[PDB]
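Listing of query_18.pdb; format and content: PDB, C-alpha atoms (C1' of nucleotides) and all ligand atoms.
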```pdb
ATOM      1  CA  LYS F   6       0.000   0.000   0.000  1.00  0.00           C
ATOM      2  CA  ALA F   7       3.040   2.227   0.504  1.00  0.00           C
ATOM      3  CA  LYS F   8       3.526   2.752  -3.240  1.00  0.00           C
ATOM      4  CA  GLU F   9      -0.102   3.868  -3.547  1.00  0.00           C
ATOM      5  CA  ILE F  10       0.197   5.996  -0.399  1.00  0.00           C
ATOM      6  CA  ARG F  11       3.235   7.764  -1.858  1.00  0.00           C
ATOM      7  CA  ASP F  12       1.055   8.873  -4.781  1.00  0.00           C
ATOM      8  CA  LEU F  13      -1.212  10.727  -2.340  1.00  0.00           C
ATOM      9  CA  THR F  14      -0.541  14.304  -1.292  1.00  0.00           C
ATOM     10  CA  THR F  15       0.232  15.397   2.266  1.00  0.00           C
ATOM     11  CA  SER F  16      -3.310  16.592   2.992  1.00  0.00           C
ATOM     12  CA  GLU F  17      -4.684  13.352   1.530  1.00  0.00           C
ATOM     13  CA  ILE F  18      -2.573  11.162   3.840  1.00  0.00           C
ATOM     14  CA  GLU F  19      -3.840  13.003   6.915  1.00  0.00           C
ATOM     15  CA  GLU F  20      -7.407  12.528   5.679  1.00  0.00           C
ATOM     16  CA  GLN F  21      -6.672   8.837   5.124  1.00  0.00           C
ATOM     17  CA  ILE F  22      -5.255   8.583   8.653  1.00  0.00           C
ATOM     18  CA  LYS F  23      -8.414  10.110  10.126  1.00  0.00           C
ATOM     19  CA  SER F  24     -10.768   7.952   8.051  1.00  0.00           C
ATOM     20  CA  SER F  25      -8.824   4.745   8.738  1.00  0.00           C
ATOM     21  CA  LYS F  26      -8.881   5.422  12.486  1.00  0.00           C
ATOM     22  CA  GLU F  27     -12.654   5.906  12.340  1.00  0.00           C
ATOM     23  CA  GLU F  28     -13.012   2.623  10.442  1.00  0.00           C
ATOM     24  CA  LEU F  29     -10.868   0.765  12.985  1.00  0.00           C
ATOM     25  CA  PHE F  30     -12.845   2.261  15.875  1.00  0.00           C
ATOM     26  CA  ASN F  31     -16.087   1.159  14.205  1.00  0.00           C
ATOM     27  CA  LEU F  32     -14.659  -2.353  13.843  1.00  0.00           C
ATOM     28  CA  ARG F  33     -13.704  -2.457  17.528  1.00  0.00           C
ATOM     29  CA  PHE F  34     -17.225  -1.447  18.587  1.00  0.00           C
ATOM     30  CA  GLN F  35     -18.784  -4.102  16.334  1.00  0.00           C
ATOM     31  CA  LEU F  36     -16.431  -6.723  17.776  1.00  0.00           C
ATOM     32  CA  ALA F  37     -17.402  -5.788  21.344  1.00  0.00           C
ATOM     33  CA  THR F  38     -21.106  -6.298  20.522  1.00  0.00           C
ATOM     34  CA  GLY F  39     -20.519  -9.624  18.759  1.00  0.00           C
ATOM     35  CA  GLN F  40     -21.574  -8.251  15.372  1.00  0.00           C
ATOM     36  CA  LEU F  41     -18.302  -8.242  13.432  1.00  0.00           C
ATOM     37  CA  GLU F  42     -17.820 -11.738  11.939  1.00  0.00           C
ATOM     38  CA  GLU F  43     -14.993 -10.288   9.777  1.00  0.00           C
ATOM     39  CA  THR F  44     -12.099 -10.041  12.203  1.00  0.00           C
ATOM     40  CA  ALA F  45      -9.291  -9.879   9.622  1.00  0.00           C
ATOM     41  CA  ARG F  46     -10.324  -6.336   8.696  1.00  0.00           C
ATOM     42  CA  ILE F  47      -9.001  -5.152  12.070  1.00  0.00           C
ATOM     43  CA  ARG F  48      -5.387  -6.123  11.387  1.00  0.00           C
ATOM     44  CA  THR F  49      -5.624  -4.834   7.813  1.00  0.00           C
ATOM     45  CA  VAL F  50      -6.786  -1.372   8.895  1.00  0.00           C
ATOM     46  CA  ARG F  51      -4.189  -1.179  11.684  1.00  0.00           C
ATOM     47  CA  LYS F  52      -1.351  -1.842   9.238  1.00  0.00           C
ATOM     48  CA  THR F  53      -2.753   0.716   6.792  1.00  0.00           C
ATOM     49  CA  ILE F  54      -2.442   3.331   9.548  1.00  0.00           C
ATOM     50  CA  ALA F  55       1.135   2.193  10.189  1.00  0.00           C
ATOM     51  CA  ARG F  56       1.971   2.551   6.493  1.00  0.00           C
ATOM     52  CA  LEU F  57       0.305   5.973   6.340  1.00  0.00           C
ATOM     53  CA  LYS F  58       2.252   7.249   9.350  1.00  0.00           C
ATOM     54  CA  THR F  59       5.484   5.847   7.890  1.00  0.00           C
ATOM     55  CA  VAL F  60       5.110   7.737   4.605  1.00  0.00           C
ATOM     56  CA  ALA F  61       4.263  10.997   6.371  1.00  0.00           C
ATOM     57  CA  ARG F  62       7.291  10.550   8.637  1.00  0.00           C
ATOM     58  CA  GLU F  63       9.595   9.889   5.668  1.00  0.00           C
ATOM     59  CA  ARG F  64       8.492  13.059   3.861  1.00  0.00           C
ATOM     60  CA  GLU F  65       9.083  15.302   6.880  1.00  0.00           C
ATOM     61  CA  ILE F  66      12.540  13.830   7.525  1.00  0.00           C
ATOM     62  CA  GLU F  67      13.367  14.045   3.810  1.00  0.00           C
ATOM     63  CA  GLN F  68      12.279  17.680   3.511  1.00  0.00           C
ATOM     64  CA  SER F  69      14.019  18.601   6.763  1.00  0.00           C
TER      65      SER F  69
ATOM     66  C1'   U Y   1     -18.708-105.933  74.052  1.00  0.00           C
ATOM     67  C1'   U Y   2     -15.074-104.849  77.839  1.00  0.00           C
ATOM     68  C1'   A Y   3     -10.069-103.843  79.209  1.00  0.00           C
ATOM     69  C1'   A Y   4      -5.132-102.272  78.139  1.00  0.00           C
ATOM     70  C1'   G Y   5      -2.028 -99.841  74.671  1.00  0.00           C
ATOM     71  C1'   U Y   6      -0.779 -97.220  69.884  1.00  0.00           C
ATOM     72  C1'   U Y   7      -1.405 -93.610  66.183  1.00  0.00           C
ATOM     73  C1'   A Y   8      -4.153 -90.270  63.117  1.00  0.00           C
ATOM     74  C1'   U Y   9      -7.417 -86.675  61.458  1.00  0.00           C
ATOM     75  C1'   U Y  10      -8.801 -80.344  62.306  1.00  0.00           C
ATOM     76  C1'   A Y  11      -5.743 -74.892  60.712  1.00  0.00           C
ATOM     77  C1'   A Y  12      -8.588 -70.014  63.783  1.00  0.00           C
ATOM     78  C1'   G Y  13      -4.162 -68.361  62.150  1.00  0.00           C
ATOM     79  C1'   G Y  14       1.157 -69.016  61.032  1.00  0.00           C
ATOM     80  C1'   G Y  15       5.913 -70.994  58.247  1.00  0.00           C
ATOM     81  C1'   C Y  16       8.637 -72.467  53.690  1.00  0.00           C
ATOM     82  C1'   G Y  17       8.363 -73.060  48.305  1.00  0.00           C
ATOM     83  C1'   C Y  18       5.878 -71.687  43.889  1.00  0.00           C
ATOM     84  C1'   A Y  19       2.387 -68.894  40.543  1.00  0.00           C
ATOM     85  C1'   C Y  20      -0.006 -64.425  39.420  1.00  0.00           C
ATOM     86  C1'   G Y  21      -0.973 -59.195  40.430  1.00  0.00           C
ATOM     87  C1'   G Y  22      -0.162 -54.199  42.602  1.00  0.00           C
ATOM     88  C1'   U Y  23       2.818 -50.332  44.440  1.00  0.00           C
ATOM     89  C1'   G Y  24       7.493 -47.931  43.351  1.00  0.00           C
ATOM     90  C1'   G Y  25      10.902 -45.806  39.986  1.00  0.00           C
ATOM     91  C1'   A Y  26      16.322 -48.579  40.336  1.00  0.00           C
ATOM     92  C1'   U Y  27      18.625 -50.400  35.855  1.00  0.00           C
ATOM     93  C1'   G Y  28      19.569 -50.256  30.463  1.00  0.00           C
ATOM     94  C1'   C Y  29      19.182 -47.426  26.168  1.00  0.00           C
ATOM     95  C1'   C Y  30      18.473 -42.112  24.754  1.00  0.00           C
ATOM     96  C1'   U Y  31      19.304 -36.327  24.612  1.00  0.00           C
ATOM     97  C1'   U Y  32      16.609 -31.540  24.287  1.00  0.00           C
ATOM     98  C1'   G Y  33      20.887 -29.290  28.466  1.00  0.00           C
ATOM     99  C1'   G Y  34      25.476 -28.926  30.684  1.00  0.00           C
ATOM    100  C1'   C Y  35      31.305 -29.118  31.483  1.00  0.00           C
ATOM    101  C1'   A Y  36      36.424 -28.156  29.863  1.00  0.00           C
ATOM    102  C1'   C Y  37      38.970 -26.032  26.010  1.00  0.00           C
ATOM    103  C1'   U Y  38      41.234 -24.465  20.796  1.00  0.00           C
ATOM    104  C1'   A Y  39      41.257 -20.551  16.829  1.00  0.00           C
ATOM    105  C1'   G Y  40      39.629 -15.832  15.070  1.00  0.00           C
ATOM    106  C1'   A Y  41      37.026 -11.429  16.329  1.00  0.00           C
ATOM    107  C1'   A Y  42      35.460  -8.406  20.169  1.00  0.00           C
ATOM    108  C1'   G Y  43      35.170  -6.169  25.001  1.00  0.00           C
ATOM    109  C1'   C Y  44      32.299  -0.040  27.895  1.00  0.00           C
ATOM    110  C1'   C Y  45      26.915   1.501  27.317  1.00  0.00           C
ATOM    111  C1'   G Y  46      24.587   6.366  29.010  1.00  0.00           C
ATOM    112  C1'   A Y  47      21.329  13.380  29.265  1.00  0.00           C
ATOM    113  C1'   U Y  48      20.830  12.095  21.199  1.00  0.00           C
ATOM    114  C1'   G Y  49      18.239   9.366  28.431  1.00  0.00           C
ATOM    115  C1'   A Y  50      21.818   3.604  29.659  1.00  0.00           C
ATOM    116  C1'   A Y  51      21.774  -1.249  32.342  1.00  0.00           C
ATOM    117  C1'   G Y  52      17.512  -3.274  34.272  1.00  0.00           C
ATOM    118  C1'   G Y  53      12.337  -3.166  34.670  1.00  0.00           C
ATOM    119  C1'   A Y  54       6.734  -1.807  34.775  1.00  0.00           C
ATOM    120  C1'   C Y  55       2.599  -1.615  31.614  1.00  0.00           C
ATOM    121  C1'   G Y  56       0.605  -2.712  27.134  1.00  0.00           C
ATOM    122  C1'   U Y  57       0.262  -4.793  21.643  1.00  0.00           C
ATOM    123  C1'   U Y  58      -2.734 -10.879  18.409  1.00  0.00           C
ATOM    124  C1'   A Y  59     -10.024 -12.296  16.383  1.00  0.00           C
ATOM    125  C1'   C Y  60     -10.411 -15.166  20.965  1.00  0.00           C
ATOM    126  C1'   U Y  61      -6.664 -15.410  25.140  1.00  0.00           C
ATOM    127  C1'   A Y  62      -3.011 -16.902  31.435  1.00  0.00           C
ATOM    128  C1'   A Y  63       2.441 -17.212  30.884  1.00  0.00           C
ATOM    129  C1'   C Y  64       7.162 -16.756  27.866  1.00  0.00           C
ATOM    130  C1'   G Y  65       9.466 -14.927  23.461  1.00  0.00           C
ATOM    131  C1'   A Y  66       9.009 -10.688  19.720  1.00  0.00           C
ATOM    132  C1'   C Y  67       7.155  -5.864  19.401  1.00  0.00           C
ATOM    133  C1'   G Y  68       5.883  -0.259  21.509  1.00  0.00           C
ATOM    134  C1'   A Y  69      -0.252   3.629  20.864  1.00  0.00           C
ATOM    135  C1'   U Y  70       2.959   2.912  13.419  1.00  0.00           C
ATOM    136  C1'   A Y  71       2.826  -2.338  19.290  1.00  0.00           C
ATOM    137  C1'   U Y  72       2.296 -10.531  17.972  1.00  0.00           C
ATOM    138  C1'   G Y  73       4.832  -4.992  14.159  1.00  0.00           C
ATOM    139  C1'   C Y  74       5.992  -0.131   9.415  1.00  0.00           C
ATOM    140  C1'   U Y  75       9.395   1.209   5.131  1.00  0.00           C
ATOM    141  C1'   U Y  76      13.457   0.172   1.942  1.00  0.00           C
ATOM    142  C1'   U Y  77      17.529  -2.578  -0.236  1.00  0.00           C
ATOM    143  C1'   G Y  78      19.158  -7.576  -1.379  1.00  0.00           C
ATOM    144  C1'   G Y  79      18.330 -13.046  -0.602  1.00  0.00           C
ATOM    145  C1'   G Y  80      14.428 -17.045  -1.213  1.00  0.00           C
TER     146        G Y  80
HETATM  147 MG    MG O   1      -8.708 -69.102  57.252  1.00  0.00          MG
END
```
Could I get this file's structure written as structure tokens?
Amino acid sequence: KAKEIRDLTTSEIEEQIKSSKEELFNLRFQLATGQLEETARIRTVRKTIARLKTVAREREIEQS
RNA sequence: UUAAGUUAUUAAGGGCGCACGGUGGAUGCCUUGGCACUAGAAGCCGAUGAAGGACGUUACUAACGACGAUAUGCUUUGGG
């Protein structure tokens, strides 16, 4: 996903970070009520956040 | 039949021998871990916050290992 993330702009990555965190939080609430049934989405969204934070961190270090 | 003698039988339990079981973990075989060394490298890190820890991180989860709110992991370069 990193190659696709690198095509996004800086404002887009922040928006992706916010939206991914909302999705993960929604998954956690569904899991706590026994409604999820798709538990592999949790790990997938968590790693997407990790990739998104990595690309943002690289750009700031690179520019600085 | 009497009289006078003699000597068995019984095993409540026990003894010796044998047979078959149990308990127990010796012995044999085995090695996951140790012990003594050889050769080469290296030895000591820390306010750019150490050594050592606490608490957390997996869909479910107690403990250990790995990891640190990017958490049972992220990127990249090579290997496969
Ligand atoms: Mg008897």
When you get a sec, could you note down which chain Y residues fall within 9 Å of chain F, using only C-alpha atoms (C1' of nucleotides), as a ChimeraX atom specification? /Y:58-59,70,73-75
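Straight-line separation from atom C1' of residue 77 of chain Y to atom CA of residue 12 of chain F: 20.6 Å.
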Please evaluate the PyMOL selection byres (((not hetatm)) within 9 of (chain O and resi 1)) against the structure above and give the resulting residues as a PyMOL selection string. chain Y and resi 11-13
Measure the distance from atom CA of residue 10 of chain F to atom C1' of residue 68 of chain Y in Å and round it to one decimal. 23.5 Å
Which distance in Å separates atom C1' of residue 56 of chain Y and atom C1' of residue 69 of chain Y, to one decimal? 9.0 Å
All file atoms of segment 29-40 of chain Y boxed axis-aligned, 3 Å per side, centre plus edges, as AutoDock Vina command-line options:
```
--center_x 28.9 --center_y -31.6 --center_z 23.3 --size_x 30.6 --size_y 37.6 --size_z 22.4
```
Give me the residues near residue 57 of chain Y as a ChimeraX atom specification, where near means some atom within 8 Å (using all atoms listed in the file) and where sequence neighbours in that chain fewer than 5 positions away do not count. /Y:67-68,71-72
Could you rebuild segment 22-46 of chain F with N, CA and C atoms and give it back as a JSON list (two decimals), in the coordinates of the input?
```
[["chain", "number", "residue", "atom", "x", "y", "z"],
["F", 22, "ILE", "N", -5.52, 8.98, 7.27],
["F", 22, "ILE", "CA", -5.26, 8.58, 8.65],
["F", 22, "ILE", "C", -6.50, 8.75, 9.51],
["F", 23, "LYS", "N", -7.20, 9.88, 9.36],
["F", 23, "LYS", "CA", -8.41, 10.11, 10.13],
["F", 23, "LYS", "C", -9.48, 9.09, 9.78],
["F", 24, "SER", "N", -9.71, 8.86, 8.48],
["F", 24, "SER", "CA", -10.77, 7.95, 8.05],
["F", 24, "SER", "C", -10.46, 6.51, 8.43],
["F", 25, "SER", "N", -9.19, 6.10, 8.34],
["F", 25, "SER", "CA", -8.82, 4.74, 8.74],
["F", 25, "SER", "C", -9.03, 4.53, 10.23],
["F", 26, "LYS", "N", -8.69, 5.54, 11.04],
["F", 26, "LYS", "CA", -8.88, 5.42, 12.49],
["F", 26, "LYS", "C", -10.36, 5.32, 12.85],
["F", 27, "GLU", "N", -11.22, 6.04, 12.13],
["F", 27, "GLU", "CA", -12.65, 5.91, 12.34],
["F", 27, "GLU", "C", -13.14, 4.51, 11.96],
["F", 28, "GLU", "N", -12.63, 3.97, 10.85],
["F", 28, "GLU", "CA", -13.01, 2.62, 10.44],
["F", 28, "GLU", "C", -12.59, 1.59, 11.48],
["F", 29, "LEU", "N", -11.35, 1.70, 11.97],
["F", 29, "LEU", "CA", -10.87, 0.76, 12.98],
["F", 29, "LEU", "C", -11.70, 0.86, 14.26],
["F", 30, "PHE", "N", -12.02, 2.08, 14.68],
["F", 30, "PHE", "CA", -12.84, 2.26, 15.88],
["F", 30, "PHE", "C", -14.23, 1.65, 15.69],
["F", 31, "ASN", "N", -14.80, 1.78, 14.49],
["F", 31, "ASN", "CA", -16.09, 1.16, 14.20],
["F", 31, "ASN", "C", -15.99, -0.36, 14.25],
["F", 32, "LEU", "N", -14.87, -0.91, 13.77],
["F", 32, "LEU", "CA", -14.66, -2.35, 13.84],
["F", 32, "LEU", "C", -14.57, -2.82, 15.29],
["F", 33, "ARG", "N", -13.85, -2.08, 16.13],
["F", 33, "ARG", "CA", -13.70, -2.46, 17.53],
["F", 33, "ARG", "C", -15.05, -2.46, 18.24],
["F", 34, "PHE", "N", -15.90, -1.47, 17.96],
["F", 34, "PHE", "CA", -17.23, -1.45, 18.59],
["F", 34, "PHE", "C", -18.08, -2.63, 18.13],
["F", 35, "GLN", "N", -18.03, -2.95, 16.84],
["F", 35, "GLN", "CA", -18.78, -4.10, 16.33],
["F", 35, "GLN", "C", -18.29, -5.40, 16.96],
["F", 36, "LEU", "N", -16.98, -5.53, 17.14],
["F", 36, "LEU", "CA", -16.43, -6.72, 17.78],
["F", 36, "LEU", "C", -16.92, -6.86, 19.21],
["F", 37, "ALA", "N", -16.98, -5.75, 19.95],
["F", 37, "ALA", "CA", -17.40, -5.79, 21.34],
["F", 37, "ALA", "C", -18.88, -6.14, 21.51],
["F", 38, "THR", "N", -19.70, -5.92, 20.48],
["F", 38, "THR", "CA", -21.11, -6.30, 20.52],
["F", 38, "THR", "C", -21.38, -7.62, 19.81],
["F", 39, "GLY", "N", -20.33, -8.33, 19.39],
["F", 39, "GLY", "CA", -20.52, -9.62, 18.76],
["F", 39, "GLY", "C", -21.10, -9.57, 17.37],
["F", 40, "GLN", "N", -20.96, -8.45, 16.68],
["F", 40, "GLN", "CA", -21.57, -8.25, 15.37],
["F", 40, "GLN", "C", -20.59, -8.31, 14.21],
["F", 41, "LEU", "N", -19.29, -8.48, 14.48],
["F", 41, "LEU", "CA", -18.30, -8.24, 13.43],
["F", 41, "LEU", "C", -18.26, -9.35, 12.39],
["F", 42, "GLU", "N", -17.88, -10.56, 12.80],
["F", 42, "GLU", "CA", -17.82, -11.74, 11.94],
["F", 42, "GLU", "C", -16.74, -11.64, 10.86],
["F", 43, "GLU", "N", -16.09, -10.48, 10.73],
["F", 43, "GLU", "CA", -14.99, -10.29, 9.78],
["F", 43, "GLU", "C", -13.83, -9.68, 10.56],
["F", 44, "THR", "N", -13.09, -10.53, 11.26],
["F", 44, "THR", "CA", -12.10, -10.04, 12.20],
["F", 44, "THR", "C", -10.75, -9.76, 11.56],
["F", 45, "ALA", "N", -10.54, -10.17, 10.31],
["F", 45, "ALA", "CA", -9.29, -9.88, 9.62],
["F", 45, "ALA", "C", -9.22, -8.44, 9.13],
["F", 46, "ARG", "N", -10.35, -7.75, 9.06],
["F", 46, "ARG", "CA", -10.32, -6.34, 8.70],
["F", 46, "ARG", "C", -9.61, -5.50, 9.74]]
```
